[PDB]
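> give the three-dimensional model of this entry:
(2 chains, ligands or ions: 2)
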Amino acid sequence: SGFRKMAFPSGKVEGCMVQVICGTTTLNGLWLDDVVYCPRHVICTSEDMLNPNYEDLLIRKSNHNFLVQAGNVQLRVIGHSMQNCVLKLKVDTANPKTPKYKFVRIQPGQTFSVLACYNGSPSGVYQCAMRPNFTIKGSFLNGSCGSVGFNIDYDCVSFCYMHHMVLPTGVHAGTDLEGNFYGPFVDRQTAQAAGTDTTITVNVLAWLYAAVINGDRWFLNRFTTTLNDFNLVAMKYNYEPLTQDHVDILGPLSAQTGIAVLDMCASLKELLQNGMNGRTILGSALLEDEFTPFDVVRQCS
Amino acid sequence: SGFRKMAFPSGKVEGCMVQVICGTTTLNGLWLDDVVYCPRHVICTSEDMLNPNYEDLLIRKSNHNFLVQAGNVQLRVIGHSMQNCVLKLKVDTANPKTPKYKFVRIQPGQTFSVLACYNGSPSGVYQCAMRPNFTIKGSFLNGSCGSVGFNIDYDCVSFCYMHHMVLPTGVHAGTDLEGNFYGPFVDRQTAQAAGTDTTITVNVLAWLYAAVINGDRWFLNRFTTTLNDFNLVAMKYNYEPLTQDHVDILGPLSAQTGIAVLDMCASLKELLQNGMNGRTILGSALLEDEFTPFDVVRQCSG
Ligand SMILES: Cn1cnc(Cn2c(=O)nc(Nc3cc4cn(C)nc4cc3Cl)n(Cc3cc(F)c(F)cc3F)c2=O)n1
Ligand SMILES: Cn1cnc(Cn2c(=O)nc(Nc3cc4cn(C)nc4cc3Cl)n(Cc3cc(F)c(F)cc3F)c2=O)n1
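Residues are numbered from 1 along each chain as shown, chains lettered A, B, ... in the order given. Ligands and ions are numbered 1, 2, ... in the order given. Please see the structure below:
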């Protein structure tokens, strides 16, 4: 019953958010066990933000230059290190609400939940997908740097994203929890452009299945096609190419509906070659590509 | 940058969700202080859910017939009562994770965050609006009965919704935290109709202001209008009539953008009479009506 963009409950992540100040530079940090993870951009003064020398900026810092607080509680810093673009501050207190967790690096098209924070305080929760151009379309204001994205499986939080910066097109770029950027970006206040974005084809098909699995069925037709023929149409419309693994992943959704994957690909081809007739699918007048096949089954049980 | 449907952090509410069982009938409850709140429909067996006599069913229940489980902690029921459609089970242990809270009854058009739960375990969170016909368009599966909706003011949790049932339309219907249904529905398995819905005009206008704040400006045009002339068009497209209180509410968004409210109404009238011509606003190809004026301020600033 119903189909919505749905985020994971954020309580386990809320318990891990702290404020990190270095000089006057302020951002959010992630407190797991006795380590606080935050973007290394915190060690940059306004005059270092455009072209920072992170090796030289950090060598001149000491433990007492980093102020970390979890609400009113102060955490004394007893060590600091740099791993790629992530600063690691060892503290004297282990977080008592540290959850079961793992650091993972997600693939384009995969989804996760974002907890937007400001000055170490959670502000809102929503779901994002990693775009094929390695950006995300979130909702972030000044002070959001260091907010994290995550998935939860069986009480284990998989941290996958740390927000770093906003790009000129308004999209957002960040790293994994090991400090490695998604995409070719760098941690510097320079104008950096994302590539042309493409549509996650497997996700659009999964969303089309969810519609039938709900009720919308006007887009279904009598045709079928081949993976090769569809991918020729997919390339023209800035859609990701479909692989046999994509076809295999959509198997469960294809089983419940009795609609062959290649039958749905033919339906999608027609929607692209003509239009959506100004009619709506699952309450939207556009083709939605930020629902994974897993997102669909877990909501359409 | 960007504008999305954004739910409140659910941590304070997660620590209050418990499982309630009565025989084999199972649903979710809300544990605050020494009281667990849940839909009274839990005291129905399979053969009772069609036309239950709740007073007859309750009189034959005793404390030990209610199993309340908070994760792996078992709670002990030392009393029970019925308030409207909500059953209240007093337990021997006050919830340590009880936040500063409040029970409120929202108005049609107001939004809240929903924490969907199954078997007393939280499962997901999203934003909903109370439709003008007192239904909500959410995402609920079997076993979601008892999930709650809420807003957060700094540290105070304002509970405004408890989920009861899915209607024929597929829409969802529930009560406030004193057991009173939003709308004309009853807690029984019978076909119930909700009236025709209408579009929350003041919420659409607030959404249009958010687009201006985020750099989406193509719909602003050369016209102005009057409140009375706009409602002629609004009544025509199944929109709520616009009041002076709506105009006053949109005041802050008007002043921050420099666009008069009546001017934005005229741009909305044009959008209603000509469509969008394949263009999008804030990444949507429709007029969104589930963002209140307060939602826009909370997200576009602070
Ligand atoms: C509008 N918007 C959308 N997303 C963001 C995220 N974001 C951010 O929150 N902060 C940034 N710069 C800082 C300025 C500070 C001023 N004080 C006093 N303290 C500050 C701390 C930060 Cl991090 N930036 C810009 C930015 C941050 C980076 F980490 C980076 F590598 C390059 C950048 F250009 C920012 O984008 N804002
Ligand atoms: C698809 N969907 C969307 N929303 C809902 C909510 N919902 C629900 O979760 N459960 C319901 N009936 C029960 C059956 C049970 C079987 N066992 C073993 N235990 C059960 C407990 C319940 Cl509550 N219903 C139906 C329903 C629930 C009510 F509270 C009510 F007053 C009338 C109703 F018809 C339900 O809608 N499911």
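> interface residues of chain A facing ligand 2?
Taking CB under 6 Å from any ligand atom as the measure of proximity, chain A contacts ligand 2 at residue A:1. Yep, even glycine has a C-beta here, placed from its N, CA and C like the rest.
> let me see the domain layout of chain A.
With domains defined by automatic domain parsing, chain A comprises A:15-91, A:201-299.
> ends of the longest one, what's the gap?
With CA to CA, to the nearest Å as the measure, the first residue of domain A:201-299 is 20 Å from its last.
> quick one, phi/psi of the residue in the stretch 201-301 of chain A that ligand 1 sits nearest to?
Proximity of the stretch 201-301 of chain A to ligand 1 (CB to the nearest ligand atom) peaks at residue A:290, 19.1 Å away. Residue A:290 adopts backbone torsions of phi -110, psi 20, taken as degrees, to the nearest 10.
> mind listing what it touches?
A:5, A:111, A:127, A:128, A:129, A:200, A:203 (CB atoms under 8 Å, 6 or more residues apart in numbering or on different chains).
> save these as JSON lines, and put in distance to residue A:265, neighbour count and secondary structure too.
Conversion of the contacts of residue A:290 to JSON lines gives the following (distance: CB to CB, whole Å; neighbours: other CB atoms under 10 Å in any protein chain shown; DSSP: H, G, I helix; E, B strand; the rest coil):
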{"residue": "A:5", "distance to residue A:265": "24", "neighbour count": "21", "secondary structure": "coil"}
{"residue": "A:111", "distance to residue A:265": "22", "neighbour count": "22", "secondary structure": "strand"}
{"residue": "A:127", "distance to residue A:265": "25", "neighbour count": "25", "secondary structure": "strand"}
{"residue": "A:128", "distance to residue A:265": "26", "neighbour count": "24", "secondary structure": "strand"}
{"residue": "A:129", "distance to residue A:265": "21", "neighbour count": "21", "secondary structure": "strand"}
{"residue": "A:200", "distance to residue A:265": "14", "neighbour count": "26", "secondary structure": "coil"}
{"residue": "A:203", "distance to residue A:265": "13", "neighbour count": "24", "secondary structure": "helix"}
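> list, one by one, the residues from chain A near ligand 1.
Where chain A comes near ligand 1, counting by CB under 6 Å from any ligand atom, the residues are A:24-27, A:39, A:41, A:140-145, A:164-166, A:172, A:187-189.
> ok, which of the residues you listed also contact chain B?
When the residues of chain A next to ligand 1 are filtered against chain B using CB under 8 Å from any CB of the partner chain, the residues retained are A:140, A:141, A:166, A:172.
> burial of the second one, as a residue count?
Spelled out, it's residue A:141. Per other CB atoms under 10 Å in any protein chain shown, the neighbour tally for residue A:141 reads 15.
> before we move on, the earlier item: what subset of the residues of chain A next to ligand 1 is buried?
Buried residues within these, defined by neighbour count using 16 or more other CB atoms under 10 Å in any protein chain shown: A:25-27, A:39, A:41, A:140, A:143-145, A:164-166, A:172, A:187-188.
> and which of the residues you listed is nearest ligand 2?
Distance ranking of those against ligand 2, using CB to the nearest ligand atom, places residue A:140 first at 33.1 Å.
> about what we covered before: from the residues of chain A next to ligand 1, which ones fall inside strands?
Where the residues of chain A next to ligand 1 overlap with strands, as defined by DSSP state E, the overlap consists of A:25, A:26, A:27, A:39, A:164, A:165, A:166, A:172.
> close to chain B: what parts of the stretch 1-150 of chain A are there?
A:1-11, A:14-15, A:115-116, A:122-126, A:137-141.
> can you show me the helices along chain A?
With helices called from DSSP state H, chain A shows them at A:11-14, A:54-59, A:201-214, A:227-236, A:244-249, A:251-257, A:261-273, A:293-299.
> for residue A:32, what are its contacts?
The neighbourhood of residue A:32, defined by CB under 8 Å, 6+ apart, consists of A:16, A:95, A:98, A:101.
> same thing with residue A:82?
Residues in contact with residue A:82 (CB under 8 Å, 6+ apart) are A:40, A:54, A:58, A:88.
> how close does the residue located most distally from the centre of chain A get to residue B:128?
Among the residues of chain A, the one whose C-alpha is farthest from the average of all C-alpha positions is residue A:222, by CA atoms, centre = their mean at 36.6 Å. The span separating residue A:222 from residue B:128 equals 38 Å under the rule CB to CB, to the nearest Å.
> same question, residue A:250
When distance is defined by CB to CB, residue A:250 is 29 Å away from residue B:128.
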